[PDB]
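Structural description and commentary
Residue-level listing of the chains:
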Amino acid sequence: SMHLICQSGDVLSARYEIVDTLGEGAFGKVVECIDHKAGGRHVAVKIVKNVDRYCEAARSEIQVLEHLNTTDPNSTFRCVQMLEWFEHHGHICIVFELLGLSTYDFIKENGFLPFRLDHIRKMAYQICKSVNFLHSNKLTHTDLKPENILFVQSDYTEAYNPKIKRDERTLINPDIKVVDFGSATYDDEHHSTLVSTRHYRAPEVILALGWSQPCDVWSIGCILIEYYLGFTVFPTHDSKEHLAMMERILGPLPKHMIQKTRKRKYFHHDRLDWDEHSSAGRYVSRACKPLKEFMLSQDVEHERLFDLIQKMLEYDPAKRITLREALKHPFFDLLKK
Ligand SMILES: O=C(O)c1ccc2cc1OCCOCCNc1ccn3ncc-2c3n1
C-alpha cells in the first residue's frame, strides 16, 4: 500500500504536503514536501516500507541520528540533520533537511560524465572528514555509495562544449552531506555477515572475514574512482566475478585472507576458481585493467589521487589506510592555506 500514501498532493501528519519523489529504494522512498507548519519550507521525508527489516533499520537510523545530531548540532561533520519522525498509515516517516541531488543522480543526469578533479578533491575531503567523525564515535556506516552522498546544492551551469560535441553541466558548489544511517553499526553491536551495496563492498565482507571501520574506507575508494571516471569499476552482480574484477585491477588477493575465509566455493587450491578464457572471463579481461591504467592524465595531481585510492583499496583491512591518515594525504595539500 505504499503507492497509496506517497502521491503528489497527499498530506502527511496534518503538516507535510508531498510535492514529488526524490528517490526510491527497497526501503521505500524519499519525497520532497512542503512543511505547512514551518512557513512553507521544503523538506525531505523518508517513507519506510512496512516490512520488518526496514522498520528495524529505520528505528536504528533514528537512534544513530539523535546521537550524531546531538554531538554535532551544527553539522560541522556534514551528517544530514533529522528534524523529526512520525507514523502515517503504519509507515515510519523520517523528516530530514532538504538537500540537492545525490552525487549519483547528478552523474546520471549529466550522461554519466565524471566530476572535475578540483571538485573531487573537495568532495573527497568532506566525505573523509564526515565518515571519520563516525569512526571516532565507534560507528561504521557500511553502506557508503554515491546515492548516499548528497550535494547541499546541486545547481550547475550549462554550456555547449566543443571538445565533446555535447551540452555539459558544470557543478557550481560541490559541498556534500552523508545520509542513510539505517545500516550503521556500533562497535559493540552485532555485525551482520553481509553489508554494503555490492559494488562498494570490501573484500573482507565478501569473504565473510568480519568487518569494522576499514570497510567504509574501501567503499570510499570505490566512490572516488566513480567520481573520477563517471562509472563504477565493479559493474557486476556476482561475488566471484567481482573478486575476479578486483584481481585484474588490483592484483591477487592475499593468501592469508584466502585461507581464512569460510566461502570455499570461490576457491580452488587457494586461488580464485575463475576460468579467464570463459565468456565472462574474457569480458573481465577486456573491460577491467590495472588501476593506474584508468588515469586520464599523468599530471601529479591525478597521481596523488590514485595513490590515495590505491591505499584505500588495500585488500587487507588491517593494512588499509584509515580516514585519519587519509585526511593528511598530499592529494588534499591544495585545500590547505
Ligand atoms: O536515508 C536517509 O537518511 C536519507 C535522508 C535524506 C535524503 C535521502 C535519504 O536517503 C537516501 C538518499 O536517497 C537519495 C534520494 N534523493 C534525495 C534528494 C534530496 N534529499 N534531501 C534529503 C534526502 C534527499 N534525497
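Rules behind the numbers
Residues numbered from 1 in each chain as written, not as in the entry; some residues may be left out. Heavy atoms only, no water. Residues with missing side-chain atoms left out of burial classes, pairs and counts. Core = buried A, V, L, I, M, F, W, Y, C linked by side-chain atoms within 4.5 Å. Buried < 20%, exposed > 50% of the residue type's maximum accessible area, 1.4 Å probe, protein only. Helix = DSSP H or I, 4+ residues; strand = E, 2+ residues; numbered from the N terminus. Domains from an automatic or database assignment. Contact = heavy atoms within 4.5 Å. UniProt positions renumbered as here; feature names shortened; annotations may be inferred. Axes fitted to C-alpha atoms, helices over the stretch in contact; angles between N-to-C directions. Left-handed = near helix turned anticlockwise from the far one by under 90°. Nonpolar A, V, L, I, M, F, W, Y, C, P; charged D, E, K, R; others polar. Buried area = accessible area lost by both parts, 1.4 Å probe. Salt bridge = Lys/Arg side-chain N within 4 Å of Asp/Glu carboxyl O. Polar contact = N/O pair within 3.5 Å; in protein donor to acceptor, adjacent residues only side chain to side chain.

- Per the PDB record, the structure was determined using X-ray crystallography to 2.0700 Å resolution.

**A word on the nonpolar core**
- Counting 89 residues, the largest nonpolar core has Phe-115, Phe-181, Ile-220, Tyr-227, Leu-243 and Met-312 as the members making the most contacts within it.
- A total of eleven residues in this core trace back to one element, the largest contributor, which is helix 5 (residues 214-229).
- Both domains that meet at this core, namely domain 1 (1-75 + 80-98) and domain 2 (76-79 + 99-337), each give it at least three residues.
- Those residues in contact with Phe-115, other than ones at most four positions away along the chain, are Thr-103, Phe-106, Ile-107, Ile-120, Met-123, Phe-151, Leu-171 and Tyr-227.

**Things to note about the UniProt feature "binding site: ATP" in the protein**
- Here, UniProt's "binding site: ATP" annotation points to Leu-22, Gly-23, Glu-24, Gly-25, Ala-26, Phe-27, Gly-28, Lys-29, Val-30 and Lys-46. Spanning 25 residues, the annotated positions come together in the fold, the maximum distance between their C-alpha atoms being 14.1 Å.
- Structurally, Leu-22 can be placed in strand 2 (residues 16-24).
- Judged by relative accessible area, which is 39%, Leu-22 ranks as partly exposed.
- If near-sequence neighbours (up to four positions away) are discounted, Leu-22 is found in contact with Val-30, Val-31, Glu-32, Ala-44, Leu-98 and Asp-105.
- What makes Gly-23 partly exposed here is its relative accessible area of 24%.
- Here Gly-23 is in contact with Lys-29 and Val-30, once residues within four sequence places are set aside.

**Side note on the packing of helix 3 (residues 117-136) against helix 9 (residues 300-312)**
- Remark: helix 3 packs on helix 9, axes separated minimally by 11 Å, with the N-to-C direction vectors making an angle of 30 degrees. In this structure, helix 3 crosses over helix 9, and the sense of that crossing is left-handed. From helix 3, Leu-117, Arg-121 and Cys-128 reach across to helix 9, where they touch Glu-301, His-302, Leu-305 and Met-312.
- Within the contact of helix 3 with helix 9, the residues separate by chemical class into four nonpolar, one polar and two charged.

**Description of the domain arrangement of the protein**
- When its domains are assigned, the protein resolves into domain 1 (1-75 + 80-98) and domain 2 (76-79 + 99-337).
- Contact residues are listed per partner, giving 17 residues for domain 1 and 18 residues for domain 2.
- Interface area, domain 1 with domain 2, both sides summed: about 1,500 Å², of which 53% is carbon and sulfur.
- The largest per-residue losses of area from domain 1 upon contact with domain 2 belong to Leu-68, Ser-75 and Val-80, which jointly make up 35% of the total buried on that side.
- Taken together, domain 1 and domain 2 are joined by two salt bridges.
- Residues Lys-177 and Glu-97 are paired through a salt bridge, measuring 2.8 Å at the closest nitrogen-oxygen approach.
- Our enumeration of links across domain 1 and domain 2 arrives at eleven residue pairs in polar contact.

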